């Protein structure tokens, strides 16, 4: 599998993955699917801020997964901290894609001079939690019942990675 920046041609493939995570998982906390327009607007807002959108792609340019990050919280104080997300196409799980994607994302965030990457994972998702811990992420939050989906309460686990521990001041 090849990792590269997303182009507008990749949006249809990204839409398929996104809408699946929406309807069958707790990787996204929305229950409503979106259209291509919605993902096009999202793609542009990202390019505007200088934030990357990476995709795991086929020789046949098929989208197997994608990753990206944006602001964590809407205040000037958190500009050094971004929140990312990685999604892999259902049939592609268990092949190491999430690792390749998350590793590439970390390198871009680091090249951008960013300071902290935050992951917001549903607590029961052991697969995702283990993937991150192996990449240096540490648990820093356990928030019970802050979310809901499929008719039940969901717990949130915050994991974070410091990209430059030697940097004493902003």
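Numbering follows the first chain given and starts at 1.
Once the C-alpha B-factors are averaged per stretch, 161-169 and 4-12 rank with 161-169 first.
A summary of the deposited B-factors shows that, of 13-21 and 145-153, the stretch with the larger mean C-alpha value is 145-153. Residue-level inspection of the entry shows that, of 106, 67, 41, 59, 59 has the top Cα B-factor.
Looking only at 124, 50, 33, 136, the residue with the top Cα B factor in the deposited structure is 33. Sort the chain's modelled residues by C-alpha temperature factor and residue 75 lands in the highest third, per the entry. Among all modelled residues in its chain, residue 89 ranks in the highest third by Cα B-factor.
Annotation for residue 63: CA B-factor lies in the highest third of the chain's modelled residues. Annotation for residue 45: C-alpha temperature factor in the lowest third relative to the rest of the modelled chain, per the entry. In the deposited entry, the Cα temperature factor of residue 54 places it in the lowest third of its chain's modelled residues.
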